[PDB]
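J.: final28.cif is reproduced below (mmCIF, C-alpha atoms; chains and numbers go by the auth columns).
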```
data_target
#
loop_
_atom_site.group_PDB
_atom_site.id
_atom_site.type_symbol
_atom_site.label_atom_id
_atom_site.label_comp_id
_atom_site.label_asym_id
_atom_site.label_seq_id
_atom_site.Cartn_x
_atom_site.Cartn_y
_atom_site.Cartn_z
_atom_site.B_iso_or_equiv
_atom_site.auth_seq_id
_atom_site.auth_asym_id
ATOM 1 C CA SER A 1 -32.092 -26.729 -18.081 0.00 1 A
ATOM 2 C CA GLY A 2 -32.865 -25.346 -21.544 0.00 2 A
ATOM 3 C CA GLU A 3 -34.666 -26.709 -24.583 0.00 3 A
ATOM 4 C CA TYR A 4 -31.864 -27.612 -27.046 0.00 4 A
ATOM 5 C CA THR A 5 -31.999 -26.988 -30.765 0.00 5 A
ATOM 6 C CA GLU A 6 -29.925 -29.220 -32.983 0.00 6 A
ATOM 7 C CA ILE A 7 -27.144 -27.630 -35.054 0.00 7 A
ATOM 8 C CA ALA A 8 -24.786 -28.691 -37.823 0.00 8 A
ATOM 9 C CA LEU A 9 -21.039 -28.100 -37.999 0.00 9 A
ATOM 10 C CA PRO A 10 -19.375 -25.950 -39.074 0.00 10 A
ATOM 11 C CA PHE A 11 -21.248 -23.414 -37.003 0.00 11 A
ATOM 12 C CA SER A 12 -20.772 -19.772 -36.287 0.00 12 A
ATOM 13 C CA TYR A 13 -22.740 -17.179 -34.524 0.00 13 A
ATOM 14 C CA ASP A 14 -22.277 -13.548 -33.446 0.00 14 A
ATOM 15 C CA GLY A 15 -24.885 -12.007 -31.207 0.00 15 A
ATOM 16 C CA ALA A 16 -26.569 -11.346 -27.946 0.00 16 A
ATOM 17 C CA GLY A 17 -28.713 -13.772 -26.009 0.00 17 A
ATOM 18 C CA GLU A 18 -28.905 -17.154 -24.320 0.00 18 A
ATOM 19 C CA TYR A 19 -29.000 -20.285 -26.488 0.00 19 A
ATOM 20 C CA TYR A 20 -28.949 -24.054 -26.105 0.00 20 A
ATOM 21 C CA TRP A 21 -27.486 -25.896 -29.118 0.00 21 A
ATOM 22 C CA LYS A 22 -26.741 -29.612 -29.463 0.00 22 A
ATOM 23 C CA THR A 23 -24.846 -31.612 -32.062 0.00 23 A
ATOM 24 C CA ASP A 24 -23.400 -35.044 -32.520 0.00 24 A
ATOM 25 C CA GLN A 25 -20.795 -33.818 -35.063 0.00 25 A
ATOM 26 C CA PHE A 26 -17.749 -32.812 -32.961 0.00 26 A
ATOM 27 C CA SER A 27 -14.343 -34.146 -33.896 0.00 27 A
ATOM 28 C CA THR A 28 -13.311 -37.077 -31.765 0.00 28 A
ATOM 29 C CA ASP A 29 -9.803 -37.410 -33.288 0.00 29 A
ATOM 30 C CA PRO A 30 -6.973 -36.534 -30.855 0.00 30 A
ATOM 31 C CA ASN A 31 -4.671 -35.895 -33.835 0.00 31 A
ATOM 32 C CA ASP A 32 -6.864 -33.027 -35.072 0.00 32 A
ATOM 33 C CA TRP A 33 -6.181 -29.432 -34.163 0.00 33 A
ATOM 34 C CA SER A 34 -8.185 -27.967 -37.107 0.00 34 A
ATOM 35 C CA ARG A 35 -11.631 -28.548 -35.599 0.00 35 A
ATOM 36 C CA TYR A 36 -11.924 -26.188 -32.659 0.00 36 A
ATOM 37 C CA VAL A 37 -14.378 -24.218 -30.563 0.00 37 A
ATOM 38 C CA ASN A 38 -13.463 -20.530 -30.259 0.00 38 A
ATOM 39 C CA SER A 39 -15.311 -17.696 -28.551 0.00 39 A
ATOM 40 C CA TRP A 40 -15.039 -14.211 -27.097 0.00 40 A
ATOM 41 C CA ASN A 41 -17.269 -11.606 -25.512 0.00 41 A
ATOM 42 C CA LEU A 42 -19.316 -14.310 -23.831 0.00 42 A
ATOM 43 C CA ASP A 43 -20.660 -14.492 -20.330 0.00 43 A
ATOM 44 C CA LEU A 44 -20.777 -18.302 -20.673 0.00 44 A
ATOM 45 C CA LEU A 45 -19.948 -21.066 -23.070 0.00 45 A
ATOM 46 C CA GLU A 46 -20.324 -24.426 -21.365 0.00 46 A
ATOM 47 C CA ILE A 47 -20.096 -27.682 -23.255 0.00 47 A
ATOM 48 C CA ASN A 48 -21.039 -30.963 -21.617 0.00 48 A
ATOM 49 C CA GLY A 49 -20.660 -29.456 -18.154 0.00 49 A
ATOM 50 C CA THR A 50 -17.268 -27.813 -18.581 0.00 50 A
ATOM 51 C CA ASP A 51 -16.670 -24.064 -18.886 0.00 51 A
ATOM 52 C CA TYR A 52 -15.068 -23.098 -22.263 0.00 52 A
ATOM 53 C CA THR A 53 -15.988 -19.392 -22.031 0.00 53 A
ATOM 54 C CA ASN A 54 -13.806 -17.170 -24.200 0.00 54 A
ATOM 55 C CA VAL A 55 -11.183 -19.773 -25.140 0.00 55 A
ATOM 56 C CA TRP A 56 -9.818 -21.671 -28.073 0.00 56 A
ATOM 57 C CA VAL A 57 -10.180 -25.436 -27.473 0.00 57 A
ATOM 58 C CA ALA A 58 -9.871 -28.404 -29.812 0.00 58 A
ATOM 59 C CA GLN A 59 -13.138 -30.378 -30.171 0.00 59 A
ATOM 60 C CA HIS A 60 -11.262 -33.629 -29.440 0.00 60 A
ATOM 61 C CA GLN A 61 -10.558 -32.365 -25.920 0.00 61 A
ATOM 62 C CA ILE A 62 -14.299 -32.403 -25.124 0.00 62 A
ATOM 63 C CA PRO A 63 -15.848 -35.857 -24.682 0.00 63 A
ATOM 64 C CA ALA A 64 -19.373 -36.563 -25.880 0.00 64 A
ATOM 65 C CA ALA A 65 -22.117 -36.961 -23.334 0.00 65 A
ATOM 66 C CA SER A 66 -23.305 -40.454 -22.569 0.00 66 A
ATOM 67 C CA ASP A 67 -25.968 -40.068 -25.311 0.00 67 A
ATOM 68 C CA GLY A 68 -23.377 -39.159 -27.965 0.00 68 A
ATOM 69 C CA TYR A 69 -24.199 -35.447 -28.088 0.00 69 A
ATOM 70 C CA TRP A 70 -22.443 -32.208 -27.284 0.00 70 A
ATOM 71 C CA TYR A 71 -24.686 -29.783 -25.393 0.00 71 A
ATOM 72 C CA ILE A 72 -23.549 -26.162 -25.852 0.00 72 A
ATOM 73 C CA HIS A 73 -24.984 -23.466 -23.609 0.00 73 A
ATOM 74 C CA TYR A 74 -24.147 -19.939 -24.782 0.00 74 A
ATOM 75 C CA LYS A 75 -24.780 -16.619 -23.050 0.00 75 A
ATOM 76 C CA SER A 76 -23.823 -13.199 -24.339 0.00 76 A
ATOM 77 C CA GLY A 77 -24.839 -9.821 -22.998 0.00 77 A
ATOM 78 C CA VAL A 78 -23.458 -7.906 -25.947 0.00 78 A
ATOM 79 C CA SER A 79 -23.942 -7.624 -29.564 0.00 79 A
ATOM 80 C CA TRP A 80 -20.528 -8.841 -30.291 0.00 80 A
ATOM 81 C CA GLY A 81 -20.628 -12.238 -28.528 0.00 81 A
ATOM 82 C CA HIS A 82 -18.811 -14.630 -30.830 0.00 82 A
ATOM 83 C CA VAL A 83 -18.613 -18.381 -31.251 0.00 83 A
ATOM 84 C CA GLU A 84 -17.170 -20.618 -33.950 0.00 84 A
ATOM 85 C CA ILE A 85 -17.301 -24.420 -33.990 0.00 85 A
ATOM 86 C CA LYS A 86 -15.499 -25.920 -36.996 0.00 86 A
#
```
Hey, can you dump this file as structure tokens for me?
T.:
Amino acid sequence: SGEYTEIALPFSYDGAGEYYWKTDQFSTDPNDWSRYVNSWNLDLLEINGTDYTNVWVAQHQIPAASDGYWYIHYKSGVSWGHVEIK
């Protein structure tokens, strides 16, 4: 449980802390491999209930929640936590 802040894509962030971001802008096209989520140096990156910590994954591989959103929960313990969402 976290209070989510809405974000726009493309998105990038590099930093420490624990954040709850939501968007309705992910790619839903199975043909697309340009619009990815990528991260490293994270303790957690979970999106809609699935662990995507420290991986490259195409957005189309991640279904929307029933409400049409993608709920992204980020945790980094270091300065250099990294996430990119195209």
J.: Taking all atoms listed in the file into account, which of A:37, A:1, A:9, A:27 comes nearest residue 51 (chain A)?
T.: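 The closest residue to residue 51 (chain A) is A:37.
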J.: Name the residues that the PyMOL selection byres ((chain A and resi 52-68) around 8) pulls out of this structure, and write them as an NGL selection string.
T.: :A and (24 or 26-30 or 32-48 or 50-51 or 69-71)
J.: Counting only C-alpha atoms, figure out which residue out of A:72, A:31, A:10, A:17 gets nearest to residue 84 (chain A).
T.: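 Looking only at the distances to residue 84 (chain A), the closest residue turns out to be A:10.
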J.: Please write as a PDB file with C-alpha atoms, keeping the file's coordinate frame the full residue list that the PyMOL selection byres ((chain A and resi 8) around 10) yields on this file.
T.:
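Produced file result.pdb, reproduced below:
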```
ATOM      1  CA  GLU A   6     -29.925 -29.220 -32.983  1.00  0.00           C
ATOM      2  CA  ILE A   7     -27.144 -27.630 -35.054  1.00  0.00           C
ATOM      3  CA  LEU A   9     -21.039 -28.100 -37.999  1.00  0.00           C
ATOM      4  CA  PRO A  10     -19.375 -25.950 -39.074  1.00  0.00           C
ATOM      5  CA  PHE A  11     -21.248 -23.414 -37.003  1.00  0.00           C
ATOM      6  CA  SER A  12     -20.772 -19.772 -36.287  1.00  0.00           C
ATOM      7  CA  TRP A  21     -27.486 -25.896 -29.118  1.00  0.00           C
ATOM      8  CA  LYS A  22     -26.741 -29.612 -29.463  1.00  0.00           C
ATOM      9  CA  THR A  23     -24.846 -31.612 -32.062  1.00  0.00           C
ATOM     10  CA  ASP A  24     -23.400 -35.044 -32.520  1.00  0.00           C
ATOM     11  CA  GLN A  25     -20.795 -33.818 -35.063  1.00  0.00           C
ATOM     12  CA  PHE A  26     -17.749 -32.812 -32.961  1.00  0.00           C
ATOM     13  CA  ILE A  85     -17.301 -24.420 -33.990  1.00  0.00           C
ATOM     14  CA  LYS A  86     -15.499 -25.920 -36.996  1.00  0.00           C
TER      15      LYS A  86
END
```
J.: So, counting all atoms listed in the file, which residue among A:49, A:19, A:14, A:2 is closest to residue 75 (chain A)?
T.: A:19
J.: Decode the PyMOL selection byres ((chain A and resi 80) around 6) for the given file into explicit residues and return them as a PyMOL selection string.
T.: chain A and resi 14-15+78-79+81
J.: Could you add the missing atoms to region 41-65 of chain A, up to N, CA and C atoms, and return them as a PDB file, in the frame of the given file?
T.:
```
ATOM      1  N   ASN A  41     -16.168 -12.452 -25.935  1.00  0.00           N
ATOM      2  CA  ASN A  41     -17.269 -11.606 -25.512  1.00  0.00           C
ATOM      3  C   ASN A  41     -18.454 -12.374 -24.988  1.00  0.00           C
ATOM      4  N   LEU A  42     -18.251 -13.556 -24.445  1.00  0.00           N
ATOM      5  CA  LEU A  42     -19.316 -14.310 -23.831  1.00  0.00           C
ATOM      6  C   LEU A  42     -19.330 -14.200 -22.321  1.00  0.00           C
ATOM      7  N   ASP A  43     -20.516 -14.243 -21.766  1.00  0.00           N
ATOM      8  CA  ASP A  43     -20.660 -14.492 -20.330  1.00  0.00           C
ATOM      9  C   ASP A  43     -20.504 -15.955 -20.000  1.00  0.00           C
ATOM     10  N   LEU A  44     -20.892 -16.844 -20.890  1.00  0.00           N
ATOM     11  CA  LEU A  44     -20.777 -18.302 -20.673  1.00  0.00           C
ATOM     12  C   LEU A  44     -20.751 -19.010 -21.985  1.00  0.00           C
ATOM     13  N   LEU A  45     -19.844 -20.009 -22.050  1.00  0.00           N
ATOM     14  CA  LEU A  45     -19.948 -21.066 -23.070  1.00  0.00           C
ATOM     15  C   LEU A  45     -19.587 -22.349 -22.328  1.00  0.00           C
ATOM     16  N   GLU A  46     -20.607 -23.158 -22.022  1.00  0.00           N
ATOM     17  CA  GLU A  46     -20.324 -24.426 -21.365  1.00  0.00           C
ATOM     18  C   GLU A  46     -20.715 -25.552 -22.289  1.00  0.00           C
ATOM     19  N   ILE A  47     -19.882 -26.558 -22.359  1.00  0.00           N
ATOM     20  CA  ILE A  47     -20.096 -27.682 -23.255  1.00  0.00           C
ATOM     21  C   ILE A  47     -19.975 -28.950 -22.418  1.00  0.00           C
ATOM     22  N   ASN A  48     -21.055 -29.724 -22.375  1.00  0.00           N
ATOM     23  CA  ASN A  48     -21.039 -30.963 -21.617  1.00  0.00           C
ATOM     24  C   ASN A  48     -20.517 -30.773 -20.200  1.00  0.00           C
ATOM     25  N   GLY A  49     -20.941 -29.675 -19.565  1.00  0.00           N
ATOM     26  CA  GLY A  49     -20.660 -29.456 -18.154  1.00  0.00           C
ATOM     27  C   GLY A  49     -19.361 -28.774 -17.832  1.00  0.00           C
ATOM     28  N   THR A  50     -18.543 -28.464 -18.824  1.00  0.00           N
ATOM     29  CA  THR A  50     -17.268 -27.813 -18.581  1.00  0.00           C
ATOM     30  C   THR A  50     -17.313 -26.416 -19.193  1.00  0.00           C
ATOM     31  N   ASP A  51     -16.703 -25.477 -18.471  1.00  0.00           N
ATOM     32  CA  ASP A  51     -16.670 -24.064 -18.886  1.00  0.00           C
ATOM     33  C   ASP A  51     -15.561 -23.895 -19.947  1.00  0.00           C
ATOM     34  N   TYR A  52     -15.952 -23.456 -21.138  1.00  0.00           N
ATOM     35  CA  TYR A  52     -15.068 -23.098 -22.263  1.00  0.00           C
ATOM     36  C   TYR A  52     -15.333 -21.639 -22.672  1.00  0.00           C
ATOM     37  N   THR A  53     -15.617 -20.790 -21.704  1.00  0.00           N
ATOM     38  CA  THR A  53     -15.988 -19.392 -22.031  1.00  0.00           C
ATOM     39  C   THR A  53     -14.790 -18.631 -22.528  1.00  0.00           C
ATOM     40  N   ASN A  54     -14.842 -18.077 -23.720  1.00  0.00           N
ATOM     41  CA  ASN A  54     -13.806 -17.170 -24.200  1.00  0.00           C
ATOM     42  C   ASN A  54     -12.462 -17.833 -24.317  1.00  0.00           C
ATOM     43  N   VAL A  55     -12.425 -19.038 -24.888  1.00  0.00           N
ATOM     44  CA  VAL A  55     -11.183 -19.773 -25.140  1.00  0.00           C
ATOM     45  C   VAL A  55     -11.171 -20.365 -26.515  1.00  0.00           C
ATOM     46  N   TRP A  56      -9.999 -20.745 -26.960  1.00  0.00           N
ATOM     47  CA  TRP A  56      -9.818 -21.671 -28.073  1.00  0.00           C
ATOM     48  C   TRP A  56      -9.632 -23.057 -27.506  1.00  0.00           C
ATOM     49  N   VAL A  57     -10.351 -24.074 -27.937  1.00  0.00           N
ATOM     50  CA  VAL A  57     -10.180 -25.436 -27.473  1.00  0.00           C
ATOM     51  C   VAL A  57     -10.415 -26.382 -28.631  1.00  0.00           C
ATOM     52  N   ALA A  58      -9.624 -27.439 -28.753  1.00  0.00           N
ATOM     53  CA  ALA A  58      -9.871 -28.404 -29.812  1.00  0.00           C
ATOM     54  C   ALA A  58     -11.104 -29.264 -29.441  1.00  0.00           C
ATOM     55  N   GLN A  59     -11.930 -29.569 -30.433  1.00  0.00           N
ATOM     56  CA  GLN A  59     -13.138 -30.378 -30.171  1.00  0.00           C
ATOM     57  C   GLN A  59     -12.754 -31.740 -29.553  1.00  0.00           C
ATOM     58  N   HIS A  60     -11.610 -32.301 -29.956  1.00  0.00           N
ATOM     59  CA  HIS A  60     -11.262 -33.629 -29.440  1.00  0.00           C
ATOM     60  C   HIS A  60     -11.005 -33.627 -27.947  1.00  0.00           C
ATOM     61  N   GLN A  61     -10.826 -32.460 -27.344  1.00  0.00           N
ATOM     62  CA  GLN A  61     -10.558 -32.365 -25.920  1.00  0.00           C
ATOM     63  C   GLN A  61     -11.823 -32.469 -25.118  1.00  0.00           C
ATOM     64  N   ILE A  62     -12.992 -32.482 -25.777  1.00  0.00           N
ATOM     65  CA  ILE A  62     -14.299 -32.403 -25.124  1.00  0.00           C
ATOM     66  C   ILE A  62     -15.026 -33.713 -25.396  1.00  0.00           C
ATOM     67  N   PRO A  63     -15.155 -34.607 -24.428  1.00  0.00           N
ATOM     68  CA  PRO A  63     -15.848 -35.857 -24.682  1.00  0.00           C
ATOM     69  C   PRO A  63     -17.345 -35.645 -24.912  1.00  0.00           C
ATOM     70  N   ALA A  64     -17.930 -36.513 -25.739  1.00  0.00           N
ATOM     71  CA  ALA A  64     -19.373 -36.563 -25.880  1.00  0.00           C
ATOM     72  C   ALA A  64     -20.052 -36.892 -24.569  1.00  0.00           C
ATOM     73  N   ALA A  65     -21.296 -36.529 -24.421  1.00  0.00           N
ATOM     74  CA  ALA A  65     -22.117 -36.961 -23.334  1.00  0.00           C
ATOM     75  C   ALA A  65     -22.428 -38.457 -23.504  1.00  0.00           C
TER      76      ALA A  65
END
```
